[PDB]
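> Below is the structure I would like to discuss, written out as C-alpha cells.
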Amino acid sequence: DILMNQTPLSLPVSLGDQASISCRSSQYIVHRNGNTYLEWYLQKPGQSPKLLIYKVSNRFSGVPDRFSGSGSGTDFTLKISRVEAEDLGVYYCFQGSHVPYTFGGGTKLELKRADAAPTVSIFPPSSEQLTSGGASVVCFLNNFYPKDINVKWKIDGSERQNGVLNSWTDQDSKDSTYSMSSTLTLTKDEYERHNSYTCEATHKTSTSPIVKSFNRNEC
Amino acid sequence: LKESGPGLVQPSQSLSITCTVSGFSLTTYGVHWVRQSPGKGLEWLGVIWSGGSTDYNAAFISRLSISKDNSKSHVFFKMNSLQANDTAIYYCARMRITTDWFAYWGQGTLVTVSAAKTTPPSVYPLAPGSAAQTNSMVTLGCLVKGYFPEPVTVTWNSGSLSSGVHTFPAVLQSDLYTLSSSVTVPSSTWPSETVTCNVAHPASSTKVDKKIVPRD
Ligand SMILES: *[C@@H]1O[C@H](CO)[C@@H](O)[C@H](O)[C@H]1NC(C)=O
Ligand SMILES: [Ca+2]
C-alpha cells in the first residue's frame, strides 16, 4: 500500500509569492505502458476536486502557466510561480502506478496575515439543557491566526478528553482569520460531581496558554 | 458524469450510487470512485477497468463492488454494511489521465449514515458566566443540539447581527447533528438591548427563537 506524504501540511503565502508543495512516495512510482501516473488535484471549498497536472508535468486544459510539476521516482513537486487568490485551497497528489491507488493527505494553501490571538469565551450549560438530563460546556476561540492551536479542557485540575467535539471554520474571506468551537458534553450527574471547568488554548501569540474558566457553583 | 443515489442510508444497510457516463465509452476508459469524509482528505476506493475487471482499496474490498453496463453507460457503486463513519461525498471520476479531453468528474453524491428519525433541535441560549469580565465587546452563544437531518438556519435578531456572527459546521455524533453559533456585540448593547437566536429546521418545519438572558 503506497503511502504518499505531502509537505508542508500548511503553506501560508502572500499573493504574488512563489510556492512549492512536495509529495514523497514510499515506493518508486514506476511507469505503466510508458506512462508515469502522478497527478495533482486542487480542491476549493464547496467544489469537486479538479485536475491540474497529470503525468507528472503536464498542465491540464485551462490551467495557467504558473502551475508546474516535476519529479520522479519517489519525489515530486508542484510549483506555483506567483500565487493568485483563485489558487487558495487544498492540493492533493495522487499516484496511479500501484494498486490500490492513493492520494496524499493534502496541503492547504492559505493567505498569510499578521498574527492574532484568539478571543476565548466559555459558556456553562444552559439551565434549559440541565433540565433534559444533559450538560454541554462550550468554548469559542474566535478570530485567531495562525491556524495552529491546541485546545485542552480541564475539570478540577485534570485534563479531560472524552465528550469533546471540535469544529472549525475555514479562513474568513473578510479578515483571513480562523475560528473554532469546542464542546465538552457530559451527563448531568457527571457535571455535578465537579466545580472548576476550564478551556485552555495554546497558541503562537502567547508564551503561556490563554485560559478561561468558571465555577459551576457560581451560576 | 451524472450521479444519482440516496442521500440517507441506515447503519447496517447498503448503498448504491449510479454514475451515468456520456461522451466516452466504458469500453475504452476505466471509471474510478473516490470519497471525502467530513474532516478528511480524498480517499481512493476502487476502479472498474475498460475490460470489466475491478481493483479495490484493501480496507473496502470485502464490502464494496463496482459494476457496469457498457451499453447504457452506467457504472454502479455498491457497498455493504455502512457505518456512521461512511458518511461522505462520493465521486465517480476519470483518473490516471493521458490527455486533456475526457478527464471528467461527477458532481459528487452526499451520503449520510444514520438511524435517526427526523428530529428537531434542542436550542440552548448561552449567556456568559456570572463572573465573566465585561469589555467593550461581549460574546454570546447558541447551541443547536441533537437534530437530524441537515441543514438548520441560524440567524441572530433575524439576520440583523450578521457581522460578528460565527456559525460552525455541524458534527454528527450518536446519529444526530450538533452545531454552535457565536455572536459578538458591544457591551453597551447587551444585556441592555435584547439579543435573540433564531433557528429554523426545514425538515421538521420548526422555527425557534431563543432570547439570551443573563443568569441572575
Ligand atoms: C468506523 O466505525 C466502525 C463501527 O464502529 C468500525 O468498525 C470501524 O473500525 C471504523 N473505521 C474507521 C476507519 O474509523
Ligand atoms: Ca487488476
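By convention here, the chains of the C-alpha cells are called A, B, ... in the order presented, each chain's residues are numbered starting at 1, and ligands are numbered starting at 1 in the order presented.
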Just want the residues within 10 Å of ligand 1, written as a PDB file with N, CA and C atoms, in the first residue's frame, counting only C-alpha atoms and all ligand atoms.

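Generated output (part.pdb):
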ATOM      1  N   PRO B  11     -27.582   2.397   9.366  1.00  0.00           N
ATOM      2  CA  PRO B  11     -26.256   1.799   9.537  1.00  0.00           C
ATOM      3  C   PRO B  11     -26.057   0.422   8.983  1.00  0.00           C
ATOM      4  N   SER B  12     -26.813  -0.574   9.356  1.00  0.00           N
ATOM      5  CA  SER B  12     -26.377  -1.861   8.810  1.00  0.00           C
ATOM      6  C   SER B  12     -26.559  -1.981   7.254  1.00  0.00           C
ATOM      7  N   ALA B  59      -8.959  -1.818   2.524  1.00  0.00           N
ATOM      8  CA  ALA B  59      -9.919  -1.600   3.608  1.00  0.00           C
ATOM      9  C   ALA B  59     -11.388  -1.748   3.198  1.00  0.00           C
ATOM     10  N   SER B  81     -22.923  -2.763   4.558  1.00  0.00           N
ATOM     11  CA  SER B  81     -22.660  -2.621   5.995  1.00  0.00           C
ATOM     12  C   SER B  81     -22.119  -1.261   6.288  1.00  0.00           C
ATOM     13  N   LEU B  82     -22.868  -0.257   5.881  1.00  0.00           N
ATOM     14  CA  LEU B  82     -22.450   1.102   6.115  1.00  0.00           C
ATOM     15  C   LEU B  82     -22.406   1.417   7.597  1.00  0.00           C
ATOM     16  N   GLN B  83     -21.538   2.346   7.984  1.00  0.00           N
ATOM     17  CA  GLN B  83     -21.451   2.792   9.362  1.00  0.00           C
ATOM     18  C   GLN B  83     -21.382   4.308   9.405  1.00  0.00           C
ATOM     19  N   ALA B  84     -21.630   4.902  10.576  1.00  0.00           N
ATOM     20  CA  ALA B  84     -21.705   6.372  10.691  1.00  0.00           C
ATOM     21  C   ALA B  84     -20.510   7.070  10.014  1.00  0.00           C
ATOM     22  N   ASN B  85     -19.320   6.479  10.168  1.00  0.00           N
ATOM     23  CA  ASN B  85     -18.081   6.960   9.526  1.00  0.00           C
ATOM     24  C   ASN B  85     -17.951   6.634   8.037  1.00  0.00           C
ATOM     25  N   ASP B  86     -19.044   6.242   7.390  1.00  0.00           N
ATOM     26  CA  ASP B  86     -19.065   6.135   5.939  1.00  0.00           C
ATOM     27  C   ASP B  86     -19.820   7.317   5.375  1.00  0.00           C
TER      28      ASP B  86
END
> Using 12 Å as the limit and counting only C-alpha atoms and all ligand atoms, can you tabulate each residue of chain A that touches ligand 2, with its shortest atom-to-atom distance in Å and the two atoms involved, as CSV?

residue,atom,partner,partner_atom_place_in_ligand_line,distance
A:97,CA,ligand 2,1 (Ca),11.6
A:98,CA,ligand 2,1 (Ca),10.0
A:99,CA,ligand 2,1 (Ca),7.6
A:100,CA,ligand 2,1 (Ca),9.3
A:101,CA,ligand 2,1 (Ca),11.4
> For N, CA, C and O atoms, I'd like the residues from the last selection saved as a compact mmCIF listing (two decimals), in the first residue's frame.

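That gives us part-v4.txt:
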# COMPACT_ATOMS: atom_id res chain seq x y z
N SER A 97 0.09 4.32 -10.14
CA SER A 97 1.02 3.31 -10.59
C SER A 97 0.75 1.96 -9.93
O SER A 97 0.81 0.90 -10.56
N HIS A 98 0.47 1.99 -8.63
CA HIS A 98 0.37 0.76 -7.85
C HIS A 98 -0.99 0.65 -7.24
O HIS A 98 -1.46 1.56 -6.55
N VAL A 99 -1.64 -0.48 -7.51
CA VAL A 99 -2.93 -0.76 -6.92
C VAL A 99 -2.68 -1.19 -5.49
O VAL A 99 -1.78 -1.98 -5.24
N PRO A 100 -3.48 -0.68 -4.55
CA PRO A 100 -4.53 0.30 -4.70
C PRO A 100 -3.94 1.70 -4.80
O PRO A 100 -2.94 2.01 -4.15
N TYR A 101 -4.60 2.55 -5.57
CA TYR A 101 -4.09 3.87 -5.86
C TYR A 101 -4.39 4.74 -4.68
O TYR A 101 -5.39 4.52 -3.98
> Work out how far apart atom CA of residue A:115 and atom CA of residue A:145 are and give it in Å to one decimal.
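Between these atoms lies a distance of 5.1 Å.
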> Ranking A:130, A:219, A:114, A:83 by minimum distance to chain B and counting only C-alpha atoms, which one comes first?
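For chain B, the nearest of the given residues is A:219.
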> Counting only C-alpha atoms, a student should be able to say which residues of chain B come within 6 Å of chain A; what is the right answer, written as a list in words?
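Within 6 Å of chain A on chain B, we get residues 41, 44, 57, 96, 100, 128 and 130 of chain B.
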> Could you please write out, as a ChimeraX atom specification, every residue of stretch 1-196 of chain B that DSSP assigns to strand (DSSP E)?
/B:2-4,8-9,15-20,31-36,42-48,54-56,64-69,74-79,88-93,109-113,122-126,137-147,153-156,165-167,171-173,176-186,196
> List the spatial neighbours of residue B:77 as a ChimeraX atom specification - criterion: any atom at most 7 Å away, only C-alpha atoms, same-chain residues fewer than 2 positions off excluded.
/B:16-18,65-67,75,79
> Write out as a ChimeraX atom specification all residues of stretch 27-132 of chain A that backbone DSSP assigns to alpha helix (DSSP H).
/A:127-130
> Hey, can you spit out that residue selection with C-alpha atoms as a tab-separated table (two decimals), in the first residue's frame?

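Final file, again31.tsv:
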chain	number	residue	atom	x	y	z
A	127	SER	CA	-30.39	25.70	32.57
A	128	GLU	CA	-32.82	24.53	29.94
A	129	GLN	CA	-30.28	21.79	28.98
A	130	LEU	CA	-29.73	20.55	32.53
> In Å, how far is it from atom CA of residue B:192 to atom CA of residue B:154?
22.4 Å
> So that I can see what lies close to stretch 199-203 of chain B, please list as a list in words the residues with an atom at most 10 Å from it, counting only C-alpha atoms and leaving out residues fewer than 5 positions away in the same chain.
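With the cut-off at 10 Å, the set is residues 118, 119, 120, 121, 122, 123, 142, 144, 147, 148, 149, 150, 151, 152, 153, 154, 155, 156, 158, 208, 209 and 210 of chain B.
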> Could you please take those selected residues and save N, CA and C atoms as a PDB file, in the first residue's frame?

ATOM      1  N   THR B 118     -36.387  11.949  11.556  1.00  0.00           N
ATOM      2  CA  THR B 118     -36.426  13.418  11.535  1.00  0.00           C
ATOM      3  C   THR B 118     -36.652  13.915  12.966  1.00  0.00           C
ATOM      4  N   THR B 119     -35.749  14.763  13.441  1.00  0.00           N
ATOM      5  CA  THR B 119     -35.702  15.164  14.834  1.00  0.00           C
ATOM      6  C   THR B 119     -35.392  16.645  14.874  1.00  0.00           C
ATOM      7  N   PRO B 120     -36.262  17.433  15.513  1.00  0.00           N
ATOM      8  CA  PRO B 120     -35.966  18.848  15.667  1.00  0.00           C
ATOM      9  C   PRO B 120     -34.862  19.098  16.712  1.00  0.00           C
ATOM     10  N   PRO B 121     -34.142  20.221  16.589  1.00  0.00           N
ATOM     11  CA  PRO B 121     -33.076  20.532  17.518  1.00  0.00           C
ATOM     12  C   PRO B 121     -33.566  21.012  18.869  1.00  0.00           C
ATOM     13  N   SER B 122     -32.800  20.698  19.899  1.00  0.00           N
ATOM     14  CA  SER B 122     -32.887  21.425  21.124  1.00  0.00           C
ATOM     15  C   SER B 122     -31.984  22.652  20.969  1.00  0.00           C
ATOM     16  N   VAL B 123     -32.569  23.829  21.137  1.00  0.00           N
ATOM     17  CA  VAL B 123     -31.838  25.083  21.074  1.00  0.00           C
ATOM     18  C   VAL B 123     -31.604  25.656  22.478  1.00  0.00           C
ATOM     19  N   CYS B 142     -25.167  30.171  21.027  1.00  0.00           N
ATOM     20  CA  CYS B 142     -26.346  29.372  20.784  1.00  0.00           C
ATOM     21  C   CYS B 142     -25.847  27.963  20.553  1.00  0.00           C
ATOM     22  N   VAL B 144     -27.171  24.340  19.167  1.00  0.00           N
ATOM     23  CA  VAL B 144     -28.258  23.668  18.466  1.00  0.00           C
ATOM     24  C   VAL B 144     -27.895  22.219  18.479  1.00  0.00           C
ATOM     25  N   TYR B 147     -30.205  17.277  16.474  1.00  0.00           N
ATOM     26  CA  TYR B 147     -31.144  17.350  15.357  1.00  0.00           C
ATOM     27  C   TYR B 147     -30.734  16.432  14.195  1.00  0.00           C
ATOM     28  N   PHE B 148     -31.713  16.138  13.346  1.00  0.00           N
ATOM     29  CA  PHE B 148     -31.491  15.364  12.143  1.00  0.00           C
ATOM     30  C   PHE B 148     -32.654  15.578  11.170  1.00  0.00           C
ATOM     31  N   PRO B 149     -32.360  15.781   9.880  1.00  0.00           N
ATOM     32  CA  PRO B 149     -31.066  15.861   9.199  1.00  0.00           C
ATOM     33  C   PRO B 149     -30.582  17.303   9.091  1.00  0.00           C
ATOM     34  N   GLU B 150     -29.477  17.506   8.381  1.00  0.00           N
ATOM     35  CA  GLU B 150     -29.060  18.856   7.967  1.00  0.00           C
ATOM     36  C   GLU B 150     -30.015  19.370   6.885  1.00  0.00           C
ATOM     37  N   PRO B 151     -30.108  20.696   6.705  1.00  0.00           N
ATOM     38  CA  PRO B 151     -29.459  21.769   7.456  1.00  0.00           C
ATOM     39  C   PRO B 151     -30.381  22.450   8.464  1.00  0.00           C
ATOM     40  N   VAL B 152     -29.787  23.318   9.284  1.00  0.00           N
ATOM     41  CA  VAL B 152     -30.523  24.314  10.068  1.00  0.00           C
ATOM     42  C   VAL B 152     -30.084  25.693   9.625  1.00  0.00           C
ATOM     43  N   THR B 153     -30.913  26.691   9.903  1.00  0.00           N
ATOM     44  CA  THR B 153     -30.565  28.070   9.639  1.00  0.00           C
ATOM     45  C   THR B 153     -30.533  28.819  10.958  1.00  0.00           C
ATOM     46  N   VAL B 154     -29.382  29.415  11.256  1.00  0.00           N
ATOM     47  CA  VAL B 154     -29.184  30.173  12.475  1.00  0.00           C
ATOM     48  C   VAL B 154     -28.979  31.631  12.122  1.00  0.00           C
ATOM     49  N   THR B 155     -29.872  32.486  12.605  1.00  0.00           N
ATOM     50  CA  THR B 155     -29.703  33.928  12.472  1.00  0.00           C
ATOM     51  C   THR B 155     -29.749  34.537  13.873  1.00  0.00           C
ATOM     52  N   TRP B 156     -29.290  35.769  13.988  1.00  0.00           N
ATOM     53  CA  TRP B 156     -29.321  36.496  15.238  1.00  0.00           C
ATOM     54  C   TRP B 156     -30.052  37.813  15.014  1.00  0.00           C
ATOM     55  N   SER B 158     -32.886  38.031  13.734  1.00  0.00           N
ATOM     56  CA  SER B 158     -33.464  37.852  12.408  1.00  0.00           C
ATOM     57  C   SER B 158     -32.551  38.353  11.290  1.00  0.00           C
ATOM     58  N   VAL B 208     -37.588  28.408  15.816  1.00  0.00           N
ATOM     59  CA  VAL B 208     -37.474  28.604  17.247  1.00  0.00           C
ATOM     60  C   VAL B 208     -36.636  29.828  17.513  1.00  0.00           C
ATOM     61  N   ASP B 209     -37.113  30.669  18.433  1.00  0.00           N
ATOM     62  CA  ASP B 209     -36.426  31.902  18.806  1.00  0.00           C
ATOM     63  C   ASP B 209     -36.061  31.791  20.279  1.00  0.00           C
ATOM     64  N   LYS B 210     -34.854  32.212  20.641  1.00  0.00           N
ATOM     65  CA  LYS B 210     -34.357  31.994  21.993  1.00  0.00           C
ATOM     66  C   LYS B 210     -33.575  33.202  22.519  1.00  0.00           C
TER      67      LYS B 210
END
> Could you state the separation of atom CA of residue B:145 and atom CA of residue A:190 in Å, given to one decimal place?
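Answer for the atom CA of residue B:145 to atom CA of residue A:190 separation: 18.9 Å.
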> Using only C-alpha atoms, pick whichever of B:112, B:80, B:184, B:204 has the shortest atom-to-atom distance to residue B:62.
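Of B:112, B:80, B:184, B:204, the one nearest residue B:62, counting only C-alpha atoms, is B:80.
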> Could you name the residues that touch residue B:157 at 9 Å or less, counting only C-alpha atoms, but leaving out those on the same chain fewer than 6 positions away, as JSON, numbers by chain?
{"B": [194, 195, 196, 197, 198]}
> When you count only C-alpha atoms, which of these residues is closest to residue B:105: B:20, B:178, B:134, B:173?
B:20
